[PDB]
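Visitor: Here it is, the structure, as structure tokens.
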Amino acid sequence: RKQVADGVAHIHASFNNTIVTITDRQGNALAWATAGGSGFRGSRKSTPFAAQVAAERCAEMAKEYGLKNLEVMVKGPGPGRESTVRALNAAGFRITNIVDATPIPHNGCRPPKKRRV
Amino acid sequence: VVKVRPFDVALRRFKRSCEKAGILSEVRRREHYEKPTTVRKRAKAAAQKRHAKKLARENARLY
Amino acid sequence: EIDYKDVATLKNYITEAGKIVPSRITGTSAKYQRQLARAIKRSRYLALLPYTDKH
Amino acid sequence: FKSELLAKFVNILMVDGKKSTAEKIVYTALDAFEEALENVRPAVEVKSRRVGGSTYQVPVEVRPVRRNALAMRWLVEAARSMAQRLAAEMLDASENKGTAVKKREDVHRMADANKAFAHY
């Protein structure tokens, strides 16, 4: 382990799962945790609370590297946007900046077809 | 983007900083391809409803 | 009288994200709004304004 | 004893109008509560909703009155001589053991498992 104190939390909140990848500021991965690896499956992955746990699990694995300050980059529309960020505050970590990093095409590729469900 | 200058404020300020860049709005637009005809149909009915509101909401006794 | 060089003015008409602001908000005339949008877009090409807050 | 919770407990024990038989049973096994109740009182319970088109078990708070009532019900239902079964439970209930305590547990267990539905 290289001990780092300043880092970046990259919350990837899909509508299905939520991934949390705490990195150094140079974007090398240190820890990751996912709603659908932190216990919850099918329906319950896609809940705030599953993502919270992902964040918690990742947080208490990020302390091995001795991280202290994180910037949160919240990327996507999922339920695990807000909850993960709370779970980083309420796990010690000082949050410096909360960026949104959602990829927005400036008209680009034709999305998949509409679901005639 | 929100520099945390308490966190609880900062996350609310974050949540309103991404409302205002219509970020979640935009993702939901671009999840599935709206066929151009359907886009226009929605936009007309929008304008049409908005007017047909205001018009009768100027015609707006009750008791 | 809008210039792709007058960054300072133009910046009153872009959001923090870099987005062009509605004429509804700013209160610009349709004719002006059109000319802004054109200038903003020329600025963006000269990297005097940014396209996106991200980049 | 002059307590409304005690009144409740017997009425929750009472069967077929027989208040005396009940009252005796409770009064006698009490000779052999307010604690043993408070160690069965559940704070959280699962309910169920039609969520849109499924049945999800959603955690909810128990309000304090239902708290005391659910406890009494659980004691009696576990407990069910009777005085030689109603102190039996209602002492293990002060020693976090038995089935009325197992209820408090296995209810909280179910809620813990359904925290993902807590507020949605």
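Numbering starts fresh at 1 for the residues of each chain in the structure tokens, the chains themselves are lettered A, B, ... in the order given, and ligands are numbered from 1 as they appear.
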Please return, as a PyMOL selection string, all residues of chain C lying within 10 Å of chain A when only C-alpha atoms are considered.

Guide: chain C and resi 51-54

Visitor: Would you mind exporting N, CA and C atoms of the selected residues as a PDB file, in the first residue's frame?

Guide:
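The result, written out as again03.pdb:
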```
ATOM      1  N   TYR C  51     -16.985  24.853 -24.175  1.00  0.00           N
ATOM      2  CA  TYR C  51     -18.200  24.160 -24.582  1.00  0.00           C
ATOM      3  C   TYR C  51     -18.914  23.609 -23.357  1.00  0.00           C
ATOM      4  N   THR C  52     -18.151  22.902 -22.529  1.00  0.00           N
ATOM      5  CA  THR C  52     -18.681  22.173 -21.395  1.00  0.00           C
ATOM      6  C   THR C  52     -17.850  22.536 -20.170  1.00  0.00           C
ATOM      7  N   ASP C  53     -18.472  22.451 -18.986  1.00  0.00           N
ATOM      8  CA  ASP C  53     -17.770  22.647 -17.718  1.00  0.00           C
ATOM      9  C   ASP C  53     -16.732  21.544 -17.490  1.00  0.00           C
ATOM     10  N   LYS C  54     -16.926  20.385 -18.143  1.00  0.00           N
ATOM     11  CA  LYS C  54     -16.101  19.208 -17.929  1.00  0.00           C
ATOM     12  C   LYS C  54     -14.750  19.393 -18.626  1.00  0.00           C
TER      13      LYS C  54
END
```

Visitor: Specify as a list in words all residues of chain C found within 10 Å of chain B, counting only C-alpha atoms.

Guide: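 Result: residues 15, 16, 17, 18, 19, 53 and 54 of chain C.
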
Visitor: Only residues of chain A matter here; which ones have an atom within 10 Å of chain B, counting only C-alpha atoms? Give them as a PyMOL selection string.

Guide: chain A and resi 71-78+81-82+85-86+89-90+94-105+107-115

Visitor: Keeping only N, CA, C and O atoms, write the selected residues to a file as a tab-separated table (two decimals), in the first residue's frame.

Guide:
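The resulting result_22.tsv:
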```
chain	number	residue	atom	x	y	z
A	71	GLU	N	-12.95	13.84	-3.51
A	71	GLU	CA	-13.94	14.50	-4.36
A	71	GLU	C	-14.87	13.43	-4.92
A	71	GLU	O	-14.42	12.37	-5.34
A	72	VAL	N	-16.18	13.71	-4.90
A	72	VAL	CA	-17.19	12.76	-5.35
A	72	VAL	C	-17.61	13.13	-6.77
A	72	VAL	O	-18.17	14.20	-6.97
A	73	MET	N	-17.42	12.20	-7.72
A	73	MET	CA	-17.85	12.37	-9.11
A	73	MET	C	-19.04	11.46	-9.41
A	73	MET	O	-18.86	10.28	-9.70
A	74	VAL	N	-20.25	12.04	-9.39
A	74	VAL	CA	-21.49	11.28	-9.45
A	74	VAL	C	-21.96	11.21	-10.91
A	74	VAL	O	-22.43	12.20	-11.46
A	75	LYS	N	-21.91	10.01	-11.50
A	75	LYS	CA	-22.11	9.82	-12.93
A	75	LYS	C	-23.28	8.88	-13.18
A	75	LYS	O	-23.10	7.66	-13.14
A	76	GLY	N	-24.48	9.44	-13.40
A	76	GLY	CA	-25.59	8.70	-13.99
A	76	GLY	C	-26.92	9.00	-13.30
A	76	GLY	O	-26.96	9.76	-12.35
A	77	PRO	N	-28.04	8.39	-13.76
A	77	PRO	CA	-29.37	8.71	-13.23
A	77	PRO	C	-29.91	7.87	-12.08
A	77	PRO	O	-31.08	8.02	-11.73
A	78	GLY	N	-29.07	6.98	-11.52
A	78	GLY	CA	-29.56	5.88	-10.73
A	78	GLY	C	-30.08	6.34	-9.37
A	78	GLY	O	-30.00	7.52	-9.03
A	81	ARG	N	-27.26	7.86	-6.24
A	81	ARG	CA	-26.52	9.11	-6.39
A	81	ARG	C	-26.29	9.70	-5.01
A	81	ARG	O	-25.16	9.70	-4.53
A	82	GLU	N	-27.38	10.14	-4.36
A	82	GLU	CA	-27.30	10.89	-3.12
A	82	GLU	C	-26.75	10.01	-2.00
A	82	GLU	O	-25.82	10.40	-1.29
A	85	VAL	N	-23.13	9.38	-1.41
A	85	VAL	CA	-22.38	10.56	-1.03
A	85	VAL	C	-22.53	10.77	0.48
A	85	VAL	O	-21.55	11.07	1.16
A	86	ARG	N	-23.75	10.53	1.00
A	86	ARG	CA	-24.00	10.58	2.44
A	86	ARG	C	-23.14	9.55	3.17
A	86	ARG	O	-22.55	9.86	4.20
A	89	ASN	N	-19.59	10.89	3.68
A	89	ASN	CA	-19.55	11.85	4.77
A	89	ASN	C	-19.65	11.12	6.10
A	89	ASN	O	-18.73	11.18	6.92
A	90	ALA	N	-20.73	10.34	6.26
A	90	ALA	CA	-20.98	9.58	7.47
A	90	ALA	C	-20.11	8.31	7.51
A	90	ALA	O	-20.52	7.30	8.10
A	94	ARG	N	-13.76	13.51	4.53
A	94	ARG	CA	-14.07	14.89	4.17
A	94	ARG	C	-14.30	14.96	2.67
A	94	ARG	O	-13.43	14.58	1.89
A	95	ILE	N	-15.48	15.45	2.28
A	95	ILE	CA	-15.79	15.67	0.88
A	95	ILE	C	-15.37	17.09	0.53
A	95	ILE	O	-15.78	18.04	1.19
A	96	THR	N	-14.51	17.23	-0.49
A	96	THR	CA	-14.03	18.52	-0.92
A	96	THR	C	-14.99	19.09	-1.95
A	96	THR	O	-15.56	20.16	-1.75
A	97	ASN	N	-15.19	18.33	-3.04
A	97	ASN	CA	-15.98	18.75	-4.19
A	97	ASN	C	-16.92	17.61	-4.57
A	97	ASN	O	-16.55	16.44	-4.46
A	98	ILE	N	-18.15	17.96	-4.99
A	98	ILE	CA	-19.11	16.99	-5.50
A	98	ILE	C	-19.44	17.35	-6.95
A	98	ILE	O	-20.35	18.13	-7.21
A	99	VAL	N	-18.67	16.77	-7.88
A	99	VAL	CA	-18.86	16.98	-9.31
A	99	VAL	C	-19.91	15.99	-9.83
A	99	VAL	O	-19.97	14.86	-9.35
A	100	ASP	N	-20.71	16.42	-10.81
A	100	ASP	CA	-21.46	15.50	-11.65
A	100	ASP	C	-20.66	15.21	-12.91
A	100	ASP	O	-20.22	16.14	-13.58
A	101	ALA	N	-20.52	13.92	-13.24
A	101	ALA	CA	-19.70	13.50	-14.36
A	101	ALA	C	-20.52	12.69	-15.37
A	101	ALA	O	-19.95	11.91	-16.15
A	102	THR	N	-21.85	12.93	-15.41
A	102	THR	CA	-22.71	12.19	-16.31
A	102	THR	C	-22.33	12.51	-17.75
A	102	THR	O	-22.23	13.68	-18.10
A	103	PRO	N	-22.09	11.49	-18.61
A	103	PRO	CA	-21.80	11.74	-20.02
A	103	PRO	C	-23.06	12.17	-20.76
A	103	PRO	O	-24.06	11.45	-20.75
A	104	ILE	N	-23.00	13.36	-21.36
A	104	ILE	CA	-24.10	13.93	-22.12
A	104	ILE	C	-23.61	14.10	-23.56
A	104	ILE	O	-22.75	14.93	-23.80
A	105	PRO	N	-24.10	13.32	-24.54
A	105	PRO	CA	-23.73	13.55	-25.94
A	105	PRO	C	-24.31	14.87	-26.44
A	105	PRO	O	-25.40	15.26	-26.02
A	107	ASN	N	-25.80	15.72	-29.17
A	107	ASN	CA	-26.32	14.87	-30.24
A	107	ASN	C	-25.22	14.02	-30.90
A	107	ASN	O	-24.39	14.56	-31.62
A	108	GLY	N	-25.30	12.69	-30.74
A	108	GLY	CA	-24.17	11.82	-31.03
A	108	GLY	C	-24.58	10.50	-31.70
A	108	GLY	O	-24.47	10.37	-32.92
A	109	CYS	N	-24.95	9.51	-30.87
A	109	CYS	CA	-25.37	8.20	-31.34
A	109	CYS	C	-26.83	7.99	-31.06
A	109	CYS	O	-27.33	8.41	-30.03
A	110	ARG	N	-27.50	7.32	-32.01
A	110	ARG	CA	-28.90	7.00	-31.89
A	110	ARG	C	-29.06	6.05	-30.72
A	110	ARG	O	-28.47	4.98	-30.72
A	111	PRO	N	-29.84	6.43	-29.69
A	111	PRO	CA	-30.09	5.53	-28.58
A	111	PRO	C	-30.78	4.27	-29.07
A	111	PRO	O	-31.35	4.25	-30.15
A	112	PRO	N	-30.76	3.19	-28.27
A	112	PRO	CA	-31.63	2.03	-28.50
A	112	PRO	C	-33.10	2.35	-28.66
A	112	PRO	O	-33.58	3.37	-28.16
A	113	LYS	N	-33.84	1.43	-29.28
A	113	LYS	CA	-35.24	1.65	-29.58
A	113	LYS	C	-36.02	1.72	-28.28
A	113	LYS	O	-35.59	1.21	-27.25
A	114	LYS	N	-37.17	2.40	-28.35
A	114	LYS	CA	-38.08	2.52	-27.24
A	114	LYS	C	-38.66	1.14	-26.92
A	114	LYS	O	-38.90	0.35	-27.84
A	115	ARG	N	-38.89	0.88	-25.63
A	115	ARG	CA	-39.45	-0.39	-25.18
A	115	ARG	C	-40.96	-0.33	-25.30
A	115	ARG	O	-41.61	0.40	-24.56
```

Visitor: Here is a test: counting only C-alpha atoms, which residue of A:58, A:91, A:4, A:19 is nearest to residue 46 (chain A)?

Guide: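 With only C-alpha atoms as the atom set, the closest residue is A:19.
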
Visitor: Provide the CA of residue 48 (chain D) to CA of residue 67 (chain D) distance in Å, to one decimal place.

Guide: 18.3 Å

Visitor: State, in Å with one decimal place, the distance from CA of residue 9 (chain A) to CA of residue 23 (chain A).

Guide: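 The value is 6.2 Å.
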
Visitor: Name all residues at most 12 Å from residue 64 (chain D) (count only C-alpha atoms; drop same-chain ones fewer than 3 positions away) and give them as a PyMOL selection string.

Guide: chain D and resi 38+41-44+61+67-71

Visitor: Taking the DSSP assignment computed from this structure's backbone, write out as a PDB file with C-alpha atoms, in the first residue's frame all residues of chain D that belong to alpha helix (DSSP H).

Guide:
```
ATOM      1  CA  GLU D   4     -54.370  -0.530  32.061  1.00  0.00           C
ATOM      2  CA  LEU D   5     -51.572  -2.533  30.393  1.00  0.00           C
ATOM      3  CA  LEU D   6     -52.290  -5.347  32.853  1.00  0.00           C
ATOM      4  CA  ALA D   7     -56.008  -5.086  31.974  1.00  0.00           C
ATOM      5  CA  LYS D   8     -55.011  -5.391  28.318  1.00  0.00           C
ATOM      6  CA  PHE D   9     -52.758  -8.389  28.958  1.00  0.00           C
ATOM      7  CA  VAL D  10     -55.562 -10.433  30.564  1.00  0.00           C
ATOM      8  CA  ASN D  11     -58.101  -9.426  27.869  1.00  0.00           C
ATOM      9  CA  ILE D  12     -55.470 -10.538  25.325  1.00  0.00           C
ATOM     10  CA  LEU D  13     -55.256 -13.767  27.389  1.00  0.00           C
ATOM     11  CA  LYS D  19     -62.308 -12.936  32.211  1.00  0.00           C
ATOM     12  CA  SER D  20     -62.117 -14.605  35.622  1.00  0.00           C
ATOM     13  CA  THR D  21     -60.241 -17.709  34.404  1.00  0.00           C
ATOM     14  CA  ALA D  22     -57.873 -15.397  32.528  1.00  0.00           C
ATOM     15  CA  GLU D  23     -57.578 -12.897  35.428  1.00  0.00           C
ATOM     16  CA  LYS D  24     -56.707 -15.716  37.841  1.00  0.00           C
ATOM     17  CA  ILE D  25     -54.096 -17.172  35.437  1.00  0.00           C
ATOM     18  CA  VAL D  26     -52.292 -13.835  34.894  1.00  0.00           C
ATOM     19  CA  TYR D  27     -52.590 -12.709  38.554  1.00  0.00           C
ATOM     20  CA  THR D  28     -51.221 -16.053  39.819  1.00  0.00           C
ATOM     21  CA  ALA D  29     -48.265 -16.273  37.405  1.00  0.00           C
ATOM     22  CA  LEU D  30     -47.524 -12.583  38.163  1.00  0.00           C
ATOM     23  CA  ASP D  31     -47.281 -13.564  41.860  1.00  0.00           C
ATOM     24  CA  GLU D  34     -43.233  -4.202  32.610  1.00  0.00           C
ATOM     25  CA  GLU D  35     -39.613  -5.297  32.007  1.00  0.00           C
ATOM     26  CA  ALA D  36     -40.332  -8.611  30.216  1.00  0.00           C
ATOM     27  CA  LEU D  37     -42.751  -6.687  27.973  1.00  0.00           C
ATOM     28  CA  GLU D  38     -40.141  -4.011  27.149  1.00  0.00           C
ATOM     29  CA  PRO D  64     -45.684   2.707  20.999  1.00  0.00           C
ATOM     30  CA  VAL D  65     -49.237   1.490  21.707  1.00  0.00           C
ATOM     31  CA  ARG D  66     -49.090  -1.290  19.091  1.00  0.00           C
ATOM     32  CA  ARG D  67     -45.602  -1.944  20.523  1.00  0.00           C
ATOM     33  CA  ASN D  68     -47.039  -2.915  23.933  1.00  0.00           C
ATOM     34  CA  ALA D  69     -49.955  -4.727  22.258  1.00  0.00           C
ATOM     35  CA  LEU D  70     -47.812  -6.807  19.869  1.00  0.00           C
ATOM     36  CA  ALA D  71     -45.607  -7.761  22.818  1.00  0.00           C
ATOM     37  CA  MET D  72     -48.529  -8.957  24.977  1.00  0.00           C
ATOM     38  CA  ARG D  73     -49.887 -10.932  22.014  1.00  0.00           C
ATOM     39  CA  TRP D  74     -46.469 -12.542  21.483  1.00  0.00           C
ATOM     40  CA  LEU D  75     -45.975 -13.433  25.154  1.00  0.00           C
ATOM     41  CA  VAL D  76     -49.433 -15.025  25.374  1.00  0.00           C
ATOM     42  CA  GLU D  77     -49.092 -16.823  22.025  1.00  0.00           C
ATOM     43  CA  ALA D  78     -45.713 -18.269  23.031  1.00  0.00           C
ATOM     44  CA  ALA D  79     -46.901 -18.975  26.612  1.00  0.00           C
ATOM     45  CA  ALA D  83     -49.764 -20.120  35.143  1.00  0.00           C
ATOM     46  CA  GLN D  84     -47.144 -22.906  34.748  1.00  0.00           C
ATOM     47  CA  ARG D  85     -46.544 -21.580  31.189  1.00  0.00           C
ATOM     48  CA  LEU D  86     -47.158 -17.798  31.547  1.00  0.00           C
ATOM     49  CA  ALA D  87     -44.422 -17.100  34.098  1.00  0.00           C
ATOM     50  CA  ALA D  88     -42.283 -19.610  32.137  1.00  0.00           C
ATOM     51  CA  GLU D  89     -42.355 -17.361  29.059  1.00  0.00           C
ATOM     52  CA  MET D  90     -42.643 -14.084  30.983  1.00  0.00           C
ATOM     53  CA  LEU D  91     -39.318 -14.684  32.813  1.00  0.00           C
ATOM     54  CA  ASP D  92     -37.281 -15.939  29.845  1.00  0.00           C
ATOM     55  CA  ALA D 100     -41.787 -13.992  22.528  1.00  0.00           C
ATOM     56  CA  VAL D 101     -38.183 -12.757  22.424  1.00  0.00           C
ATOM     57  CA  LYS D 102     -37.576 -14.866  19.297  1.00  0.00           C
ATOM     58  CA  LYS D 103     -40.473 -12.882  17.780  1.00  0.00           C
ATOM     59  CA  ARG D 104     -38.884  -9.482  18.527  1.00  0.00           C
ATOM     60  CA  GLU D 105     -35.718 -10.950  16.971  1.00  0.00           C
ATOM     61  CA  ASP D 106     -37.169 -12.655  13.873  1.00  0.00           C
ATOM     62  CA  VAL D 107     -39.313  -9.581  13.174  1.00  0.00           C
ATOM     63  CA  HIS D 108     -36.311  -7.239  13.390  1.00  0.00           C
ATOM     64  CA  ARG D 109     -34.425  -9.784  11.269  1.00  0.00           C
ATOM     65  CA  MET D 110     -37.062  -9.541   8.524  1.00  0.00           C
ATOM     66  CA  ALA D 111     -37.000  -5.723   8.699  1.00  0.00           C
ATOM     67  CA  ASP D 112     -33.183  -5.598   8.589  1.00  0.00           C
TER      68      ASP D 112
END
```
